[PDB]
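Residue numbers (the entry's author numbering), protein chains in the order written: chain 10, 8 to 84; chain 1S, 3 to 112; chain 1Q, 1 to 141; chain 1Z, 1 to 203; chain 13, 2 to 60. Each residue gets a CB set at the ideal place from its N, CA and C atoms; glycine is no exception. Let me begin by presenting the structure, written as structure tokens, before commenting on it.
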Amino acid sequence: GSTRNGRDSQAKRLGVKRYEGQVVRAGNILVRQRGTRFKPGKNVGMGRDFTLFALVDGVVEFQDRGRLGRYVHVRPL
Amino acid sequence: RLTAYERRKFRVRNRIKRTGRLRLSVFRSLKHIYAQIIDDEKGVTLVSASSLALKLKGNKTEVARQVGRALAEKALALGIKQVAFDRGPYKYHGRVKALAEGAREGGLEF
Amino acid sequence: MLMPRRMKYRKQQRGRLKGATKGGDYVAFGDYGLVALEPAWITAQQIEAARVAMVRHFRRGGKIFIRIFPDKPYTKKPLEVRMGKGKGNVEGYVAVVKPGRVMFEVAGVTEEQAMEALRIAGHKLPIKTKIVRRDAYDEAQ
Amino acid sequence: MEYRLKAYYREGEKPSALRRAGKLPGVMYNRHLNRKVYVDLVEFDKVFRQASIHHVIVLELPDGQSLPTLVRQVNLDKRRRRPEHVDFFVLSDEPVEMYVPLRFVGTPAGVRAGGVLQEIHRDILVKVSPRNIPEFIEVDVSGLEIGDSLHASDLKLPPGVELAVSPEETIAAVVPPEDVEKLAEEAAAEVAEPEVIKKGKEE
Amino acid sequence: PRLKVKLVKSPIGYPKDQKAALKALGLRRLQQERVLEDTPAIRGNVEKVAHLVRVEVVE
RNA sequence: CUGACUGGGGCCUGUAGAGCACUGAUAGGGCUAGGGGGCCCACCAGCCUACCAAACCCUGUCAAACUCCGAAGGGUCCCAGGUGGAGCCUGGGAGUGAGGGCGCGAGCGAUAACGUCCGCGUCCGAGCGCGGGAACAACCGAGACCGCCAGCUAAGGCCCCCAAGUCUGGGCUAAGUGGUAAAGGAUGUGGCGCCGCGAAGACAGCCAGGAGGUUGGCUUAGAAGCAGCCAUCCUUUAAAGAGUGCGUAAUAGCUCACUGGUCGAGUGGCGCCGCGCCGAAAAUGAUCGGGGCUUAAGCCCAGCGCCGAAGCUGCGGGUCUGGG
RNA sequence: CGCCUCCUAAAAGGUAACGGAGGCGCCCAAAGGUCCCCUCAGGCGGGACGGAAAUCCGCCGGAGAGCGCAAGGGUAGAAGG
RNA sequence: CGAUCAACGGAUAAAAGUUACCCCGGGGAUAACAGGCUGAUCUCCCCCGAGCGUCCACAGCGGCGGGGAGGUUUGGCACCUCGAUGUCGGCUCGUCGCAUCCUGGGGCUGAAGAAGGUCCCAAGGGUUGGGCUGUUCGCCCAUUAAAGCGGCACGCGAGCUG
RNA sequence: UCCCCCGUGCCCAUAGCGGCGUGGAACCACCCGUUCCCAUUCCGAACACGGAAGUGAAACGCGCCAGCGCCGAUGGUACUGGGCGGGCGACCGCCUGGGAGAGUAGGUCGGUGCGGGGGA
Ligand SMILES: [Mg+2]
Ligand SMILES: [Mg+2]
Ligand SMILES: [Mg+2]
Ligand SMILES: [Mg+2]
Ligand SMILES: [Mg+2]
Ligand SMILES: [Mg+2]
Ligand SMILES: [Mg+2]
Ligand SMILES: [Mg+2]
Ligand SMILES: [Mg+2]
Ligand SMILES: [Mg+2]
Ligand SMILES: [Mg+2]
Ligand SMILES: [Mg+2]
Ligand SMILES: [Mg+2]
Ligand SMILES: [Mg+2]
Ligand SMILES: [Mg+2]
Ligand SMILES: [Mg+2]
Ligand SMILES: [Mg+2]
Ligand SMILES: [Mg+2]
Ligand SMILES: [Mg+2]
Ligand SMILES: [Mg+2]
Ligand SMILES: [Mg+2]
Ligand SMILES: [Mg+2]
Ligand SMILES: [Mg+2]
Ligand SMILES: [Mg+2]
Ligand SMILES: [Mg+2]
Ligand SMILES: [Mg+2]
Ligand SMILES: [Mg+2]
Ligand SMILES: [Mg+2]
Ligand SMILES: [Mg+2]
Ligand SMILES: [Mg+2]
Ligand SMILES: [Mg+2]
Ligand SMILES: [Mg+2]
Ligand SMILES: [Mg+2]
Ligand SMILES: [Mg+2]
Ligand SMILES: [Mg+2]
Ligand SMILES: [Mg+2]
Ligand SMILES: [Mg+2]
Ligand SMILES: [Mg+2]
Ligand SMILES: [Mg+2]
Ligand SMILES: [Mg+2]
Ligand SMILES: [Mg+2]
Ligand SMILES: [Mg+2]
Ligand SMILES: [Mg+2]
Ligand SMILES: [Mg+2]
Ligand SMILES: [Mg+2]
Ligand SMILES: [Mg+2]
Ligand SMILES: [Mg+2]
Ligand SMILES: [Mg+2]
Ligand SMILES: [Mg+2]
Ligand SMILES: [Mg+2]
Ligand SMILES: [Mg+2]
Ligand SMILES: [Mg+2]
Ligand SMILES: [Mg+2]
Ligand SMILES: [Mg+2]
Ligand SMILES: [Mg+2]
Ligand SMILES: [Mg+2]
Ligand SMILES: [Mg+2]
Ligand SMILES: [Mg+2]
Ligand SMILES: [Mg+2]
Ligand SMILES: [Mg+2]
Ligand SMILES: [Mg+2]
Ligand SMILES: [Mg+2]
Ligand SMILES: [Mg+2]
Ligand SMILES: [Mg+2]
Ligand SMILES: [Mg+2]
Ligand SMILES: [Mg+2]
Ligand SMILES: [Mg+2]
Ligand SMILES: [Mg+2]
Ligand SMILES: [Mg+2]
Ligand SMILES: [Mg+2]
Ligand SMILES: [Mg+2]
Ligand SMILES: [Mg+2]
Ligand SMILES: [Mg+2]
Ligand SMILES: [Mg+2]
Ligand SMILES: [Mg+2]
Ligand SMILES: [Mg+2]
Ligand SMILES: [Mg+2]
Ligand SMILES: [Mg+2]
Ligand SMILES: [Mg+2]
Ligand SMILES: [Mg+2]
Ligand SMILES: [Mg+2]
Ligand SMILES: [Mg+2]
Ligand SMILES: [Mg+2]
Ligand SMILES: [Mg+2]
Ligand SMILES: [Mg+2]
Ligand SMILES: [Mg+2]
Ligand SMILES: [Mg+2]
Ligand SMILES: [Mg+2]
Ligand SMILES: [Mg+2]
Ligand SMILES: [Mg+2]
Ligand SMILES: [Mg+2]
Ligand SMILES: [Mg+2]
Ligand SMILES: [Mg+2]
Ligand SMILES: [Mg+2]
Ligand SMILES: [Mg+2]
Ligand SMILES: [Mg+2]
Ligand SMILES: [Mg+2]
Ligand SMILES: [Mg+2]
Ligand SMILES: [Mg+2]
Ligand SMILES: [Mg+2]
Ligand SMILES: [Mg+2]
Ligand SMILES: [Mg+2]
Ligand SMILES: [Mg+2]
Ligand SMILES: [Mg+2]
Ligand SMILES: [Mg+2]
Ligand SMILES: [Mg+2]
Ligand SMILES: [Mg+2]
Ligand SMILES: [Mg+2]
Ligand SMILES: [Mg+2]
Ligand SMILES: [Mg+2]
Ligand SMILES: [Mg+2]
Ligand SMILES: [Mg+2]
Ligand SMILES: [Mg+2]
Ligand SMILES: [Mg+2]
Ligand SMILES: [Mg+2]
Ligand SMILES: [Mg+2]
Ligand SMILES: [Mg+2]
Ligand SMILES: [Mg+2]
Ligand SMILES: [Mg+2]
Ligand SMILES: [Mg+2]
Ligand SMILES: [Mg+2]
Ligand SMILES: [Mg+2]
Ligand SMILES: [Mg+2]
Ligand SMILES: [Mg+2]
Ligand SMILES: [Mg+2]
Ligand SMILES: [Mg+2]
Ligand SMILES: [Mg+2]
Ligand SMILES: [Mg+2]
Ligand SMILES: [Mg+2]
Ligand SMILES: [Mg+2]
Ligand SMILES: [Mg+2]
Ligand SMILES: [Mg+2]
Ligand SMILES: [Mg+2]
Ligand SMILES: [Mg+2]
Ligand SMILES: [Mg+2]
Ligand SMILES: [Mg+2]
Ligand SMILES: [Mg+2]
Ligand SMILES: [Mg+2]
Ligand SMILES: [Mg+2]
Ligand SMILES: [Mg+2]
Ligand SMILES: [Mg+2]
Ligand SMILES: [Mg+2]
Ligand SMILES: [Mg+2]
Ligand SMILES: [Mg+2]
Ligand SMILES: [Mg+2]
Ligand SMILES: [Mg+2]
Ligand SMILES: [Mg+2]
Ligand SMILES: [Mg+2]
Ligand SMILES: [Mg+2]
Ligand SMILES: [Mg+2]
Ligand SMILES: [Mg+2]
Ligand SMILES: [Mg+2]
Ligand SMILES: [Mg+2]
Ligand SMILES: [Mg+2]
Ligand SMILES: [Mg+2]
Ligand SMILES: [Mg+2]
Ligand SMILES: [Mg+2]
Ligand SMILES: [Mg+2]
Ligand SMILES: [Mg+2]
Ligand SMILES: [Mg+2]
Ligand SMILES: [Mg+2]
Ligand SMILES: [Mg+2]
Ligand SMILES: [Mg+2]
Ligand SMILES: [Mg+2]
Ligand SMILES: [Mg+2]
Ligand SMILES: [Mg+2]
Ligand SMILES: [Mg+2]
Ligand SMILES: [Mg+2]
Ligand SMILES: [Mg+2]
Ligand SMILES: [Mg+2]
Ligand SMILES: [Mg+2]
Ligand SMILES: [Mg+2]
Ligand SMILES: [Mg+2]
Ligand SMILES: [Mg+2]
Ligand SMILES: [Mg+2]
Ligand SMILES: [Mg+2]
Ligand SMILES: [Mg+2]
Ligand SMILES: [Mg+2]
Ligand SMILES: [Mg+2]
Ligand SMILES: [Mg+2]
Ligand SMILES: [Mg+2]
Ligand SMILES: [Mg+2]
Ligand SMILES: [Mg+2]
Ligand SMILES: [Mg+2]
Ligand SMILES: [Mg+2]
Ligand SMILES: [Mg+2]
Ligand SMILES: [Mg+2]
Ligand SMILES: [Mg+2]
Ligand SMILES: [Mg+2]
Ligand SMILES: [Mg+2]
Ligand SMILES: [Mg+2]
Ligand SMILES: [Mg+2]
Ligand SMILES: [Mg+2]
Ligand SMILES: [Mg+2]
């Protein structure tokens, strides 16, 4: 009697890090994710692991464009 | 269900819009060739030029070039210098290349 | 007797028996019905005993519709082992059944026959039951 | 026939209060109106058990109107098997989609041989003028053997009534009966243990 | 207008946020009364601990 | 003044529920490749199947590792209330790193454990201080600075033990049920509902009638209503199933079903609700805490009053903190 | 016994058990950068050898295919060819 | 650049066993006895009525299933006791339960009688001597109205045995 | 400022599939050619150039039709934050606030911004 199971991996702390209306500075990570659940919008970069981040100081805004996906924007201050 | 033409058009246009420049879009019909410089932030055309509108002549290529030149001139008159070339579904070649080269002689920055 | 031909997983976590049945609450095929009055895991063997008794009452004749299915695997640890060392072995299959469900229906048989078979069948099941007959309320669902 | 049922209007009365006092909450509507109503449950039930969704019910409203309606939907309390809400559909002069009773005239051959008529559809969906609602639709099942079957395509339709469901839709069947003789070949029938669908480098 | 709030049932055994609500209202002792401006933020904590409190509208 | 908590507003989410569009499961039917089997054949094609059955379709479902959907809530930021043994910053000193009960959500276990393992909350821990719960860390009430031969309440109580109602009005229960239990069983009792059948005289009783075909058959070895089923056909009838059981070795042998006379008003069957009855066997002496309780001192509904703590009030005092 | 993916996990993050299921300890000189071009699986119909399935033509077909390897997320307006 | 330092935050550059000859410090934080919680397993009692019983479901029986009771079994758990709760069996001495082995009372019987079976009431009393084995249990011999089953820390070692 | 067309966006199927009709003056397409720039793992199909005889057959645009697709109430219910009860349990109810999914009625054969070209 024993189990062939027993393992699991570390949690990765994924998800949105800054929600709409939140003030951010350039470089602030906005979204941590696997693949493109949110796409980079206006003033937003995407790192190699899909991480969304602010390109300029400003305020975050989200946008749902239907079949085009959801978007994170940073609107300048 | 899209076509190679619809995909190609998207694929190049998306990459251009990402840079945030004013977009110099070119349409090339069997007979004519048109051009509008568009602000995608506002979804607005700022300057136009066409063989159709300039009642231009014969050799399509030479004509292209002329509309290119025409475009630039009305353009700098409005303070526009920089812009990004939207070859749309068209290879950068032939009439389009000619359109581009003329807009360049005309001083448009790209 | 009834069991899945195949499954994505060998063992299921147990879950709960809260609420009235999700669906399956109106007569839908035959004339008379056996409805569950209280929740239970009904075992495959119990189901098969209800069925067999019903065909036994009919001798030849009637149609029995079984409307619940045992897809929940039931686990048990080997006798006398202590807690731990992983989940127990599947020993059988149950159908989760909540109050309101029509578990069985009969058709093609007299009224006194449908009543009796359903009663005897009831005695094979570990919950309280109600016999019902098809109404307009059934037909409007 | 065609049945009558006194109806009444409700505003903010709590549905639970209504039900505790014997009244069944409901709503009547069509493209023109939509009104919160209630009926006496014991009165509603008496009508409904004969009327069903098949026959016209006229609503005697307290304002004096008398509206012809079809019951469009009835919500049943799943624990208790009791109606908890009715939808009354207000007929107007357009043709309307609806369910009309089937009558299975005849005694099938398959049944004489010991079979069972599985009345798969006990009624049938149909576009029709309100001014044209048939009491039913006869269907001859006498030619049915175990295990033959009839479809909507085989339905011979009354004047001014058009099928509203695919003709390919089966409506009755004649199936083998339960038989004690089969029990042993069933009770000794060895069944294969369930396969588990492969995960990983397995598939 | 104002809210006269009276603590009438003990918070012992109730969740810490309900204990906090009494504090936001300034209620420390059973039977204590507090007269508070009737604004929406005050009213929200009063409603939070309604099963602990007696409310009466005043002036 | 930034805090817990709260109000408004935006954004994030995939649970409860539900659904079946995906992945899988799924009963039945339809349609229909593929086999099994039976006709007919090896000249290779046919035909029929109450056989197993793919894909598809319809009805009807199932899922922690399914989701076309999808809450309540939760998180976070902005504005605002919030002056609290709040918050934030730097530093000194720790202790703790065996928890536990309970409620809710899961897993494990056996829809076991005073079981186990997580989550949110609580209390005991440290409130084995106080009231209720017979007694009893964690259930209910409630956070004990000191004093009072004063007052009001909380949970729980108000027949005596034992403070306060043998209080008022409506109802049920007859089991000491109350004061430990299930499937299931039952002319318990009260109350609703639905069907039959009846003064074209029902039910009970006092009284008759129950009949031919016909000891019918797929039927064996007896099978004449009364041993399997794939039979319910009729005549005479005022009635009478080719039969509800008792009966035979098979009959024959009796009643019911069902019709006639006497009375003369109800009668038979289903279901639902409340409260009870059985099912109910364990070990030193019993018992609802006890005595005792029956239009209750039990249960349900609606009241008024009181009693009742270390909670709250009054009076006096102490100490610390804030304010004069 | 470390690491990855899913579930448990109670719709933020996190969250245990000798709870339920699988994977890693590599690889690729292109399987990397960029420019340009292209679009799948599958179903039906058609076509020598040729078949359920090789290659070809037609119509339907939004993504169920592909993406080196587990799983999940992602993705053809490409991350696929 | 050299790590299956993979016990993967990696004690040394370098390491296995045995102790019934054993020892100390601790722990009821943790097993074995007993108790406790639980009752899966165990024992007993019911519901259902397929079928058996020549005929006939229910004299005697009860497929497949279903509900419980008990707390004598084997376990699960790890709650008092590891600054000690002596642990099998026997002897002695009882005492209680009743699901009764006998004796008394009774219903049904597929009860002619006698003798049985089966259920119900009943715990007053009774319930033998021997061979084997440490045995409890069990088998066996010879009898009997009968040769009951359980609880009491698997009753009883400050009562004995060992 | 209205009507048609050509570009290019936004809303992200109420915009889609299918059936029917319609348009060539203008524009767009197909079209005519493959010398030339450019091009086919073969192919001037595509991409590309030079053209202007023809045709709106294909494509596209614009209309119409609800068979499919898509959207979708109101009512009621599930579930639930908070507050209460009950059950030995599996579980069950009440108050207050929130409130689905399925389904029913019904809706839909798009709406709109900017710039060009033409017409009134
Ligand atoms: Mg293993
Ligand atoms: Mg595991
Ligand atoms: Mg982690
Ligand atoms: Mg973890
Ligand atoms: Mg993880
Ligand atoms: Mg997120
Ligand atoms: Mg990058
Ligand atoms: Mg990358
Ligand atoms: Mg917005
Ligand atoms: Mg923006
Ligand atoms: Mg079970
Ligand atoms: Mg289990
Ligand atoms: Mg385990
Ligand atoms: Mg198990
Ligand atoms: Mg089982
Ligand atoms: Mg159910
Ligand atoms: Mg039962
Ligand atoms: Mg449905
Ligand atoms: Mg309190
Ligand atoms: Mg307090
Ligand atoms: Mg409390
Ligand atoms: Mg709270
Ligand atoms: Mg106080
Ligand atoms: Mg402030
Ligand atoms: Mg803040
Ligand atoms: Mg704050
Ligand atoms: Mg807030
Ligand atoms: Mg669920
Ligand atoms: Mg599905
Ligand atoms: Mg469907
Ligand atoms: Mg479920
Ligand atoms: Mg899940
Ligand atoms: Mg789910
Ligand atoms: Mg919030
Ligand atoms: Mg918020
Ligand atoms: Mg503030
Ligand atoms: Mg301060
Ligand atoms: Mg403090
Ligand atoms: Mg503090
Ligand atoms: Mg110090
Ligand atoms: Mg320390
Ligand atoms: Mg410590
Ligand atoms: Mg430690
Ligand atoms: Mg610890
Ligand atoms: Mg511990
Ligand atoms: Mg704790
Ligand atoms: Mg803990
Ligand atoms: Mg306790
Ligand atoms: Mg807990
Ligand atoms: Mg509760
Ligand atoms: Mg729990
Ligand atoms: Mg869990
Ligand atoms: Mg579990
Ligand atoms: Mg159990
Ligand atoms: Mg515990
Ligand atoms: Mg527990
Ligand atoms: Mg538990
Ligand atoms: Mg706790
Ligand atoms: Mg301690
Ligand atoms: Mg306390
Ligand atoms: Mg405390
Ligand atoms: Mg103390
Ligand atoms: Mg106490
Ligand atoms: Mg006490
Ligand atoms: Mg007391
Ligand atoms: Mg205490
Ligand atoms: Mg104090
Ligand atoms: Mg008083
Ligand atoms: Mg009180
Ligand atoms: Mg008392
Ligand atoms: Mg007194
Ligand atoms: Mg009195
Ligand atoms: Mg009694
Ligand atoms: Mg009593
Ligand atoms: Mg008693
Ligand atoms: Mg009764
Ligand atoms: Mg009763
Ligand atoms: Mg009893
Ligand atoms: Mg009274
Ligand atoms: Mg007092
Ligand atoms: Mg006092
Ligand atoms: Mg005090
Ligand atoms: Mg004072
Ligand atoms: Mg003081
Ligand atoms: Mg102080
Ligand atoms: Mg590692
Ligand atoms: Mg998680
Ligand atoms: Mg999760
Ligand atoms: Mg999470
Ligand atoms: Mg959560
Ligand atoms: Mg974090
Ligand atoms: Mg392990
Ligand atoms: Mg492994
Ligand atoms: Mg290459
Ligand atoms: Mg690549
Ligand atoms: Mg390359
Ligand atoms: Mg293909
Ligand atoms: Mg082919
Ligand atoms: Mg061939
Ligand atoms: Mg081929
Ligand atoms: Mg894929
Ligand atoms: Mg692999
Ligand atoms: Mg080394
Ligand atoms: Mg280590
Ligand atoms: Mg090491
Ligand atoms: Mg680590
Ligand atoms: Mg070393
Ligand atoms: Mg070394
Ligand atoms: Mg070593
Ligand atoms: Mg070593
Ligand atoms: Mg050694
Ligand atoms: Mg030795
Ligand atoms: Mg030795
Ligand atoms: Mg020695
Ligand atoms: Mg020695
Ligand atoms: Mg020696
Ligand atoms: Mg020694
Ligand atoms: Mg020692
Ligand atoms: Mg212990
Ligand atoms: Mg430990
Ligand atoms: Mg132990
Ligand atoms: Mg021990
Ligand atoms: Mg023990
Ligand atoms: Mg002890
Ligand atoms: Mg038990
Ligand atoms: Mg028990
Ligand atoms: Mg019993
Ligand atoms: Mg027999
Ligand atoms: Mg007999
Ligand atoms: Mg029999
Ligand atoms: Mg019996
Ligand atoms: Mg049995
Ligand atoms: Mg059981
Ligand atoms: Mg048992
Ligand atoms: Mg014991
Ligand atoms: Mg017990
Ligand atoms: Mg044990
Ligand atoms: Mg034990
Ligand atoms: Mg222990
Ligand atoms: Mg423990
Ligand atoms: Mg010890
Ligand atoms: Mg001692
Ligand atoms: Mg000692
Ligand atoms: Mg001792
Ligand atoms: Mg004894
Ligand atoms: Mg007895
Ligand atoms: Mg006797
Ligand atoms: Mg005798
Ligand atoms: Mg004899
Ligand atoms: Mg006897
Ligand atoms: Mg005795
Ligand atoms: Mg005695
Ligand atoms: Mg005795
Ligand atoms: Mg001897
Ligand atoms: Mg001896
Ligand atoms: Mg012996
Ligand atoms: Mg032995
Ligand atoms: Mg004798
Ligand atoms: Mg003896
Ligand atoms: Mg002993
Ligand atoms: Mg024991
Ligand atoms: Mg003994
Ligand atoms: Mg002893
Ligand atoms: Mg001794
Ligand atoms: Mg001894
Ligand atoms: Mg002793
Ligand atoms: Mg001693
Ligand atoms: Mg002694
Ligand atoms: Mg002693
Ligand atoms: Mg002695
Ligand atoms: Mg010795
Ligand atoms: Mg356009
Ligand atoms: Mg437009
Ligand atoms: Mg715009
Ligand atoms: Mg035309
Ligand atoms: Mg067209
Ligand atoms: Mg033209
Ligand atoms: Mg023309
Ligand atoms: Mg050439
Ligand atoms: Mg040339
Ligand atoms: Mg060409
Ligand atoms: Mg030409
Ligand atoms: Mg055309
Ligand atoms: Mg085109
Ligand atoms: Mg809907
Ligand atoms: Mg609604
Ligand atoms: Mg509610
Ligand atoms: Mg709640
Ligand atoms: Mg509400
Ligand atoms: Mg919902
Ligand atoms: Mg809806
Ligand atoms: Mg229309
Ligand atoms: Mg449309
Ligand atoms: Mg315009």
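Between the Cα of residue i and those of the options, spot the shortest distance and give me the residue it belongs to.
i                      : options                                                   : result
residue 180 (chain 1Z) : 48 (chain 1Q), 35 (chain 1Q), 53 (chain 1Q), 8 (chain 1Q) : 53 (chain 1Q)
Just list the residues that DSSP pairs residue i with in beta bridges.
i                      : result
residue 128 (chain 1Z) : 96 (chain 1Z), 161 (chain 1Z)
residue 192 (chain 1Z) : Answer is none; residue 192 (chain 1Z) lacks a bridge partner.
Just to confirm, does residue i get its C-beta within under 8 Å of one of the non-hydrogen atoms of ligand 2?
i                     : result
residue 10 (chain 10) : yes
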